[PDB]
Amino acid sequence: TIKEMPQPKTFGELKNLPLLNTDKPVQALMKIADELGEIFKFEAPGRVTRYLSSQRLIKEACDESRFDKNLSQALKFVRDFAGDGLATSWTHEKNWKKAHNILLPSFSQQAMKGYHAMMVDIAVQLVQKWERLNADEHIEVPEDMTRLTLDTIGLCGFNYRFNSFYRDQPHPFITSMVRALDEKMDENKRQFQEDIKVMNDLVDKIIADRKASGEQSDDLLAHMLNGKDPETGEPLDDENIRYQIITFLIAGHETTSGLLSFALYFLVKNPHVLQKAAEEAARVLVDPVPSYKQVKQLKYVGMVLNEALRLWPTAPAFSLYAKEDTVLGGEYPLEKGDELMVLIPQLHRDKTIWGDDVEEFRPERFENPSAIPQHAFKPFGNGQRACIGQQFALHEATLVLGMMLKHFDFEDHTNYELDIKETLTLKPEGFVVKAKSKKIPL
Ligand code: HEM
Ligand SMILES: C=Cc1ccccc1
Ligand SMILES: [Cl-]
């Protein structure tokens, strides 16, 4: 029997559109969800979508025979730069499945072992930076985590060194990336087009240096350049290879920087959790450099990372459309092409799944993950359109956080007040700490 969806306050002909005129629209959508419940309609001139918050409804929306990935307004904009790269292609575009099949083997267990030494190269630069600070100096947490994650995808994925740790100023790639993208929220056209040229010359250099190289390679770039899809039998064409390089250099670092920064925020705010994870790191990381196998034994560090993704998943929403007319939850009829948005932070606060203490930071929720019902925990998206870089993000973050907890004690010296900046990702803006060295050599 059919139900009418709640809707938040309207503004005449503008409908709900003005609720999004805020620098924190995900946070404002979470509040609407606390007020309206598991589903609400959100209308704008010429548009409608439905925001989902409960596991009981999201488990249906994750049914791939009924719903496929939709390009959100944001992906539609990013598409101007990332083209039909993995993240911004429709599932039905030839190049989505070709590139999925060609690039999947770049995240196999054997590929992950291949990347480990270069992840260590970066993680050691981070540890050295902090070792080298003078007394009383502090650390800008998301700034340094972005330094780490950017350098990690450039080097592991492309054998390119952004050398972020030699810079106190942004890398010309990144800031060009940002102001070209903003320059479609006279003159700022030699400027926007200076930037696009920055992006294009970097992609050009990545490709050309690989070709001029006589070294054998099995990294991500090697797959883009040489791999053949077993289905079509075809390799990627030059145009799509370019889009994939841009896709992975951005998707491959921003969300991972967020996760690291929230995890450390939650550790400093919960000193018993911090002590338990530091104890694990001291017990397990018995050598000067961690090995692949040692990172795999950092069980509790990995539970910390999942509990940080539970509360602040750093790609906080994904969009879907109905493949055919269908009824959601036995209550809401949908027509072919109708859109749904999955509000992941709210899914992750569903008290029917997690119990009443949902706001508490408790990594022990992840002790027995087979206990979690289907579709309840979704920081990496859904189905065949789920994050292809999941294992890469979690290996890098477990390695790096384990090393941080081995080498330093941390102080929340400002009593930092959580302030979450929203871009394509989320981060704790302005988060700073002091790190006192434990004086353990590398
Ligand atoms: C903790 C860090 C990360 C988070 C939370 C995350 C989250 C997500 C989510 C939610 C999606 C689905 C997007 C949608 O449905 O519209 C996705 C897709 C994707 N991610 Fe990640 N991601 C992370 C790290 C990475 C890394 C390190 C890489 C690359 C190495 C990456 C590459 C991609 C790509 C290429 C897709 C598109 C996959 C496809 O549709 O075929 N991500 N991610
Ligand atoms: C970092 C992976 C990703 C890809 C698309 C949207 C948000 C995050
Ligand atoms: Cl529990």
# chains A, B, ... in the order shown; residues from 1 in each chain; ligands from 1
>>> closest_atom_pairs(of="chain A", to="ligand 2", cutoff="6 Å", atoms="only C-alpha atoms and all ligand atoms", output="CSV")
residue,atom,partner,partner_atom_place_in_ligand_line,distance
A:87,CA,ligand 2,5 (C),5.2
A:251,CA,ligand 2,1 (C),3.6
A:252,CA,ligand 2,1 (C),5.5
A:255,CA,ligand 2,1 (C),4.9
A:315,CA,ligand 2,7 (C),4.7
>>> residues_around(residues="region 167-180 of chain A", least_positions_apart="6", cutoff="8 Å", atoms="only C-alpha atoms", output="ChimeraX atom specification")
/A:192-193,195-196,198-199,202
>>> write_last_selection(atoms="N, CA, C and O atoms", output="mmCIF file, in the first residue's frame")
data_model
loop_
_atom_site.group_PDB
_atom_site.id
_atom_site.type_symbol
_atom_site.label_atom_id
_atom_site.label_comp_id
_atom_site.auth_asym_id
_atom_site.auth_seq_id
_atom_site.Cartn_x
_atom_site.Cartn_y
_atom_site.Cartn_z
ATOM 1 N N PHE A 192 42.173 29.968 -17.194
ATOM 2 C CA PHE A 192 41.590 28.626 -17.241
ATOM 3 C C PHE A 192 42.348 27.757 -18.245
ATOM 4 O O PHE A 192 42.627 26.593 -17.956
ATOM 5 N N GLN A 193 42.713 28.327 -19.396
ATOM 6 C CA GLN A 193 43.438 27.584 -20.442
ATOM 7 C C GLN A 193 44.969 27.458 -20.261
ATOM 8 O O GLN A 193 45.619 26.648 -20.933
ATOM 9 N N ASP A 195 45.731 26.539 -17.241
ATOM 10 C CA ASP A 195 45.569 25.474 -16.242
ATOM 11 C C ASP A 195 45.374 24.130 -16.893
ATOM 12 O O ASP A 195 45.889 23.115 -16.427
ATOM 13 N N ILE A 196 44.604 24.151 -17.972
ATOM 14 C CA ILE A 196 44.229 22.962 -18.682
ATOM 15 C C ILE A 196 45.513 22.461 -19.318
ATOM 16 O O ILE A 196 45.778 21.261 -19.374
ATOM 17 N N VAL A 198 48.425 22.923 -17.981
ATOM 18 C CA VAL A 198 49.178 22.312 -16.826
ATOM 19 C C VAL A 198 48.831 20.812 -16.682
ATOM 20 O O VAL A 198 49.719 19.934 -16.583
ATOM 21 N N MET A 199 47.527 20.554 -16.689
ATOM 22 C CA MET A 199 46.965 19.200 -16.660
ATOM 23 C C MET A 199 47.384 18.403 -17.880
ATOM 24 O O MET A 199 47.840 17.240 -17.756
ATOM 25 N N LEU A 202 51.138 17.643 -17.859
ATOM 26 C CA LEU A 202 51.517 16.572 -16.922
ATOM 27 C C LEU A 202 51.178 15.189 -17.486
ATOM 28 O O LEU A 202 52.002 14.258 -17.433
#
>>> closest_atom_pairs(of="chain A", to="ligand 3", cutoff="8 Å", atoms="only C-alpha atoms and all ligand atoms", output="CSV")
residue,atom,partner,partner_atom_place_in_ligand_line,distance
A:354,CA,ligand 3,1 (Cl),6.9
A:355,CA,ligand 3,1 (Cl),7.7
A:364,CA,ligand 3,1 (Cl),6.5
A:365,CA,ligand 3,1 (Cl),4.2
A:366,CA,ligand 3,1 (Cl),7.4
A:367,CA,ligand 3,1 (Cl),8.0
>>> write_last_selection(atoms="N, CA, C and O atoms", output="PDB file, in the first residue's frame")
ATOM      1  N   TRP A 354      23.411  -0.515  14.087  1.00  0.00           N
ATOM      2  CA  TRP A 354      24.594  -0.305  14.887  1.00  0.00           C
ATOM      3  C   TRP A 354      24.315  -0.165  16.363  1.00  0.00           C
ATOM      4  O   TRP A 354      25.229  -0.163  17.116  1.00  0.00           O
ATOM      5  N   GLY A 355      23.038  -0.093  16.744  1.00  0.00           N
ATOM      6  CA  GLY A 355      22.670   0.143  18.157  1.00  0.00           C
ATOM      7  C   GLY A 355      22.624   1.653  18.496  1.00  0.00           C
ATOM      8  O   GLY A 355      22.759   2.530  17.596  1.00  0.00           O
ATOM      9  N   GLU A 364      35.984  -1.512  17.846  1.00  0.00           N
ATOM     10  CA  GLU A 364      35.543  -2.894  18.189  1.00  0.00           C
ATOM     11  C   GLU A 364      34.209  -3.313  17.522  1.00  0.00           C
ATOM     12  O   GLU A 364      33.940  -4.517  17.476  1.00  0.00           O
ATOM     13  N   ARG A 365      33.360  -2.354  17.036  1.00  0.00           N
ATOM     14  CA  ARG A 365      32.180  -2.693  16.111  1.00  0.00           C
ATOM     15  C   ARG A 365      32.584  -3.563  14.945  1.00  0.00           C
ATOM     16  O   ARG A 365      31.748  -4.267  14.431  1.00  0.00           O
ATOM     17  N   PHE A 366      33.873  -3.505  14.540  1.00  0.00           N
ATOM     18  CA  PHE A 366      34.359  -4.208  13.351  1.00  0.00           C
ATOM     19  C   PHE A 366      35.078  -5.510  13.697  1.00  0.00           C
ATOM     20  O   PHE A 366      35.803  -6.065  12.845  1.00  0.00           O
ATOM     21  N   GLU A 367      34.973  -5.943  14.962  1.00  0.00           N
ATOM     22  CA  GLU A 367      35.660  -7.152  15.351  1.00  0.00           C
ATOM     23  C   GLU A 367      35.227  -8.342  14.615  1.00  0.00           C
ATOM     24  O   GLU A 367      36.102  -9.210  14.269  1.00  0.00           O
TER      25      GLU A 367
END
>>> residues_around(residues="residue 52 (chain A)", least_positions_apart="2", cutoff="7 Å", atoms="only C-alpha atoms", output="NGL selection string")
:A and (38-39 or 50 or 54 or 57-58 or 341-343)
>>> write_last_selection(atoms="N, CA and C atoms", output="PDB file, in the first residue's frame")
ATOM      1  N   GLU A  38      14.050   8.000   6.908  1.00  0.00           N
ATOM      2  CA  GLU A  38      14.819   7.168   5.991  1.00  0.00           C
ATOM      3  C   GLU A  38      14.754   7.563   4.537  1.00  0.00           C
ATOM      4  N   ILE A  39      13.738   8.358   4.150  1.00  0.00           N
ATOM      5  CA  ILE A  39      13.626   8.764   2.760  1.00  0.00           C
ATOM      6  C   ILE A  39      12.939  10.115   2.674  1.00  0.00           C
ATOM      7  N   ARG A  50      15.544  11.396  -4.680  1.00  0.00           N
ATOM      8  CA  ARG A  50      15.091  10.917  -3.411  1.00  0.00           C
ATOM      9  C   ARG A  50      16.314  10.512  -2.596  1.00  0.00           C
ATOM     10  N   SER A  54      18.350   4.620   5.370  1.00  0.00           N
ATOM     11  CA  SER A  54      18.205   3.428   6.199  1.00  0.00           C
ATOM     12  C   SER A  54      18.838   2.293   5.391  1.00  0.00           C
ATOM     13  N   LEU A  57      16.111   0.395   3.149  1.00  0.00           N
ATOM     14  CA  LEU A  57      15.892   0.867   1.787  1.00  0.00           C
ATOM     15  C   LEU A  57      17.174   0.837   0.882  1.00  0.00           C
ATOM     16  N   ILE A  58      18.322   1.125   1.486  1.00  0.00           N
ATOM     17  CA  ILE A  58      19.579   1.154   0.670  1.00  0.00           C
ATOM     18  C   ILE A  58      19.918  -0.266   0.175  1.00  0.00           C
ATOM     19  N   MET A 341      19.606   9.098  -4.232  1.00  0.00           N
ATOM     20  CA  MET A 341      20.903   9.397  -3.666  1.00  0.00           C
ATOM     21  C   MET A 341      21.078   8.693  -2.349  1.00  0.00           C
ATOM     22  N   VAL A 342      22.238   8.022  -2.195  1.00  0.00           N
ATOM     23  CA  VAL A 342      22.516   7.303  -1.002  1.00  0.00           C
ATOM     24  C   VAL A 342      23.342   8.196  -0.072  1.00  0.00           C
ATOM     25  N   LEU A 343      22.768   8.522   1.099  1.00  0.00           N
ATOM     26  CA  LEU A 343      23.439   9.450   1.976  1.00  0.00           C
ATOM     27  C   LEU A 343      24.265   8.615   2.976  1.00  0.00           C
TER      28      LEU A 343
END
>>> residues_near_ligand(ligand="ligand 1", cutoff="7 Å", atoms="only C-alpha atoms and all ligand atoms", output="PDB file with N, CA, C and O atoms, in the first residue's frame")
ATOM      1  N   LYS A  69      24.323   2.723 -11.474  1.00  0.00           N
ATOM      2  CA  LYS A  69      24.933   4.042 -11.246  1.00  0.00           C
ATOM      3  C   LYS A  69      24.460   5.194 -12.118  1.00  0.00           C
ATOM      4  O   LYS A  69      24.358   5.066 -13.352  1.00  0.00           O
ATOM      5  N   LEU A  71      25.177   9.397 -12.972  1.00  0.00           N
ATOM      6  CA  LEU A  71      26.170  10.489 -12.789  1.00  0.00           C
ATOM      7  C   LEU A  71      25.511  11.662 -12.037  1.00  0.00           C
ATOM      8  O   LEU A  71      24.617  12.259 -12.558  1.00  0.00           O
ATOM      9  N   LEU A  86      37.032   5.868 -15.597  1.00  0.00           N
ATOM     10  CA  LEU A  86      36.209   4.925 -14.837  1.00  0.00           C
ATOM     11  C   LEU A  86      35.118   5.563 -13.975  1.00  0.00           C
ATOM     12  O   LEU A  86      33.996   5.029 -14.021  1.00  0.00           O
ATOM     13  N   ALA A  87      35.501   6.575 -13.160  1.00  0.00           N
ATOM     14  CA  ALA A  87      34.588   7.245 -12.229  1.00  0.00           C
ATOM     15  C   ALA A  87      33.460   8.025 -12.854  1.00  0.00           C
ATOM     16  O   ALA A  87      32.376   8.103 -12.246  1.00  0.00           O
ATOM     17  N   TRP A  96      33.514   1.958 -20.365  1.00  0.00           N
ATOM     18  CA  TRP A  96      33.461   1.641 -18.895  1.00  0.00           C
ATOM     19  C   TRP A  96      33.946   0.164 -18.724  1.00  0.00           C
ATOM     20  O   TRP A  96      34.947  -0.141 -18.008  1.00  0.00           O
ATOM     21  N   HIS A 100      37.389  -1.156 -17.018  1.00  0.00           N
ATOM     22  CA  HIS A 100      37.215  -1.978 -15.776  1.00  0.00           C
ATOM     23  C   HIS A 100      37.981  -3.246 -15.937  1.00  0.00           C
ATOM     24  O   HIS A 100      38.820  -3.632 -15.062  1.00  0.00           O
ATOM     25  N   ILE A 153      49.917   7.879  -5.029  1.00  0.00           N
ATOM     26  CA  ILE A 153      49.355   7.473  -6.316  1.00  0.00           C
ATOM     27  C   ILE A 153      50.303   7.858  -7.477  1.00  0.00           C
ATOM     28  O   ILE A 153      50.393   7.130  -8.510  1.00  0.00           O
ATOM     29  N   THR A 247      41.658  10.736 -14.091  1.00  0.00           N
ATOM     30  CA  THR A 247      40.778  10.018 -13.121  1.00  0.00           C
ATOM     31  C   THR A 247      41.523   9.487 -11.892  1.00  0.00           C
ATOM     32  O   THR A 247      41.202   9.836 -10.728  1.00  0.00           O
ATOM     33  N   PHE A 248      42.602   8.685 -12.125  1.00  0.00           N
ATOM     34  CA  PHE A 248      43.292   8.030 -10.998  1.00  0.00           C
ATOM     35  C   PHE A 248      44.155   8.991 -10.172  1.00  0.00           C
ATOM     36  O   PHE A 248      44.329   8.764  -8.969  1.00  0.00           O
ATOM     37  N   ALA A 251      41.120  10.678  -8.134  1.00  0.00           N
ATOM     38  CA  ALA A 251      40.337   9.724  -7.294  1.00  0.00           C
ATOM     39  C   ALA A 251      41.291   8.942  -6.328  1.00  0.00           C
ATOM     40  O   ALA A 251      40.928   8.585  -5.187  1.00  0.00           O
ATOM     41  N   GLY A 252      42.537   8.759  -6.798  1.00  0.00           N
ATOM     42  CA  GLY A 252      43.597   8.006  -6.110  1.00  0.00           C
ATOM     43  C   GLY A 252      44.228   8.701  -4.909  1.00  0.00           C
ATOM     44  O   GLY A 252      45.001   8.077  -4.249  1.00  0.00           O
ATOM     45  N   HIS A 253      43.822   9.938  -4.571  1.00  0.00           N
ATOM     46  CA  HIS A 253      44.388  10.549  -3.386  1.00  0.00           C
ATOM     47  C   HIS A 253      43.497  11.350  -2.515  1.00  0.00           C
ATOM     48  O   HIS A 253      43.785  11.401  -1.301  1.00  0.00           O
ATOM     49  N   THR A 255      40.210  11.293  -1.316  1.00  0.00           N
ATOM     50  CA  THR A 255      39.459  10.586  -0.265  1.00  0.00           C
ATOM     51  C   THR A 255      40.347   9.878   0.787  1.00  0.00           C
ATOM     52  O   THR A 255      39.943   9.710   1.977  1.00  0.00           O
ATOM     53  N   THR A 256      41.522   9.368   0.350  1.00  0.00           N
ATOM     54  CA  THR A 256      42.444   8.732   1.230  1.00  0.00           C
ATOM     55  C   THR A 256      43.044   9.747   2.189  1.00  0.00           C
ATOM     56  O   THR A 256      43.312   9.421   3.360  1.00  0.00           O
ATOM     57  N   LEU A 259      40.504  10.272   4.865  1.00  0.00           N
ATOM     58  CA  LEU A 259      40.341   9.140   5.808  1.00  0.00           C
ATOM     59  C   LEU A 259      41.459   9.209   6.875  1.00  0.00           C
ATOM     60  O   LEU A 259      41.211   9.099   8.072  1.00  0.00           O
ATOM     61  N   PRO A 313      32.426   8.960   6.026  1.00  0.00           N
ATOM     62  CA  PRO A 313      32.883   8.351   4.755  1.00  0.00           C
ATOM     63  C   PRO A 313      33.297   9.492   3.778  1.00  0.00           C
ATOM     64  O   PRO A 313      32.499  10.408   3.587  1.00  0.00           O
ATOM     65  N   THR A 314      34.479   9.464   3.158  1.00  0.00           N
ATOM     66  CA  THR A 314      35.021  10.671   2.585  1.00  0.00           C
ATOM     67  C   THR A 314      34.562  10.956   1.145  1.00  0.00           C
ATOM     68  O   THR A 314      34.888  11.997   0.579  1.00  0.00           O
ATOM     69  N   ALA A 315      33.825   9.988   0.565  1.00  0.00           N
ATOM     70  CA  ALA A 315      33.003  10.230  -0.658  1.00  0.00           C
ATOM     71  C   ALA A 315      31.580   9.952  -0.208  1.00  0.00           C
ATOM     72  O   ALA A 315      31.114   8.813  -0.283  1.00  0.00           O
ATOM     73  N   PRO A 316      30.898  10.986   0.366  1.00  0.00           N
ATOM     74  CA  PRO A 316      29.767  10.715   1.259  1.00  0.00           C
ATOM     75  C   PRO A 316      28.444  10.382   0.573  1.00  0.00           C
ATOM     76  O   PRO A 316      27.491  10.025   1.238  1.00  0.00           O
ATOM     77  N   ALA A 317      28.399  10.501  -0.750  1.00  0.00           N
ATOM     78  CA  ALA A 317      27.132  10.190  -1.443  1.00  0.00           C
ATOM     79  C   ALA A 317      27.357   9.512  -2.792  1.00  0.00           C
ATOM     80  O   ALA A 317      28.372   9.762  -3.429  1.00  0.00           O
ATOM     81  N   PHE A 318      26.472   8.592  -3.217  1.00  0.00           N
ATOM     82  CA  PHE A 318      26.477   8.176  -4.625  1.00  0.00           C
ATOM     83  C   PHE A 318      25.030   8.132  -5.145  1.00  0.00           C
ATOM     84  O   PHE A 318      24.086   7.967  -4.377  1.00  0.00           O
ATOM     85  N   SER A 319      24.907   8.326  -6.464  1.00  0.00           N
ATOM     86  CA  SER A 319      23.631   8.406  -7.173  1.00  0.00           C
ATOM     87  C   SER A 319      23.321   7.132  -7.980  1.00  0.00           C
ATOM     88  O   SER A 319      24.243   6.547  -8.526  1.00  0.00           O
ATOM     89  N   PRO A 379      31.235   2.559   2.446  1.00  0.00           N
ATOM     90  CA  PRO A 379      32.081   3.731   2.142  1.00  0.00           C
ATOM     91  C   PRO A 379      32.722   3.685   0.748  1.00  0.00           C
ATOM     92  O   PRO A 379      33.192   4.704   0.261  1.00  0.00           O
ATOM     93  N   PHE A 380      32.757   2.480   0.149  1.00  0.00           N
ATOM     94  CA  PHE A 380      33.358   2.358  -1.184  1.00  0.00           C
ATOM     95  C   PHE A 380      32.323   2.131  -2.271  1.00  0.00           C
ATOM     96  O   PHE A 380      32.663   1.633  -3.355  1.00  0.00           O
ATOM     97  N   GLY A 381      31.039   2.499  -2.028  1.00  0.00           N
ATOM     98  CA  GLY A 381      30.074   2.365  -3.112  1.00  0.00           C
ATOM     99  C   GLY A 381      29.595   0.918  -3.258  1.00  0.00           C
ATOM    100  O   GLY A 381      29.581   0.173  -2.304  1.00  0.00           O
ATOM    101  N   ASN A 382      29.038   0.581  -4.441  1.00  0.00           N
ATOM    102  CA  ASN A 382      28.198  -0.596  -4.562  1.00  0.00           C
ATOM    103  C   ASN A 382      28.523  -1.351  -5.898  1.00  0.00           C
ATOM    104  O   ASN A 382      28.632  -0.745  -6.994  1.00  0.00           O
ATOM    105  N   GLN A 384      29.365  -3.601  -9.210  1.00  0.00           N
ATOM    106  CA  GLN A 384      30.430  -3.505 -10.167  1.00  0.00           C
ATOM    107  C   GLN A 384      30.945  -2.077 -10.317  1.00  0.00           C
ATOM    108  O   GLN A 384      32.047  -1.851 -10.798  1.00  0.00           O
ATOM    109  N   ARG A 385      30.181  -1.080  -9.838  1.00  0.00           N
ATOM    110  CA  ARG A 385      30.628   0.332  -9.854  1.00  0.00           C
ATOM    111  C   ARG A 385      31.208   0.765  -8.453  1.00  0.00           C
ATOM    112  O   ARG A 385      31.319   1.954  -8.135  1.00  0.00           O
ATOM    113  N   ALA A 386      31.601  -0.221  -7.704  1.00  0.00           N
ATOM    114  CA  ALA A 386      32.218   0.066  -6.384  1.00  0.00           C
ATOM    115  C   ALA A 386      33.643   0.579  -6.628  1.00  0.00           C
ATOM    116  O   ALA A 386      34.191   0.452  -7.745  1.00  0.00           O
ATOM    117  N   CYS A 387      34.254   1.094  -5.550  1.00  0.00           N
ATOM    118  CA  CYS A 387      35.633   1.692  -5.658  1.00  0.00           C
ATOM    119  C   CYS A 387      36.622   0.672  -6.198  1.00  0.00           C
ATOM    120  O   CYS A 387      36.906  -0.303  -5.515  1.00  0.00           O
ATOM    121  N   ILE A 388      37.250   0.873  -7.376  1.00  0.00           N
ATOM    122  CA  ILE A 388      38.262  -0.140  -7.789  1.00  0.00           C
ATOM    123  C   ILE A 388      39.568  -0.090  -6.969  1.00  0.00           C
ATOM    124  O   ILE A 388      40.377  -1.084  -6.992  1.00  0.00           O
ATOM    125  N   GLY A 389      39.788   1.064  -6.249  1.00  0.00           N
ATOM    126  CA  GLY A 389      41.032   1.341  -5.498  1.00  0.00           C
ATOM    127  C   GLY A 389      40.918   1.096  -3.993  1.00  0.00           C
ATOM    128  O   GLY A 389      41.833   1.534  -3.254  1.00  0.00           O
ATOM    129  N   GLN A 390      39.810   0.427  -3.549  1.00  0.00           N
ATOM    130  CA  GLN A 390      39.569   0.120  -2.121  1.00  0.00           C
ATOM    131  C   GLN A 390      40.799  -0.451  -1.400  1.00  0.00           C
ATOM    132  O   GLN A 390      41.201   0.028  -0.258  1.00  0.00           O
ATOM    133  N   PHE A 392      43.846  -0.555  -2.312  1.00  0.00           N
ATOM    134  CA  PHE A 392      45.003   0.406  -2.395  1.00  0.00           C
ATOM    135  C   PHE A 392      44.901   1.472  -1.302  1.00  0.00           C
ATOM    136  O   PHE A 392      45.853   1.630  -0.543  1.00  0.00           O
ATOM    137  N   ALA A 393      43.713   2.113  -1.168  1.00  0.00           N
ATOM    138  CA  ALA A 393      43.476   3.081  -0.083  1.00  0.00           C
ATOM    139  C   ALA A 393      43.736   2.508   1.285  1.00  0.00           C
ATOM    140  O   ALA A 393      44.403   3.155   2.121  1.00  0.00           O
ATOM    141  N   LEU A 394      43.159   1.325   1.557  1.00  0.00           N
ATOM    142  CA  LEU A 394      43.286   0.742   2.899  1.00  0.00           C
ATOM    143  C   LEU A 394      44.655   0.204   3.199  1.00  0.00           C
ATOM    144  O   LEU A 394      45.098   0.359   4.346  1.00  0.00           O
TER     145      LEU A 394
END
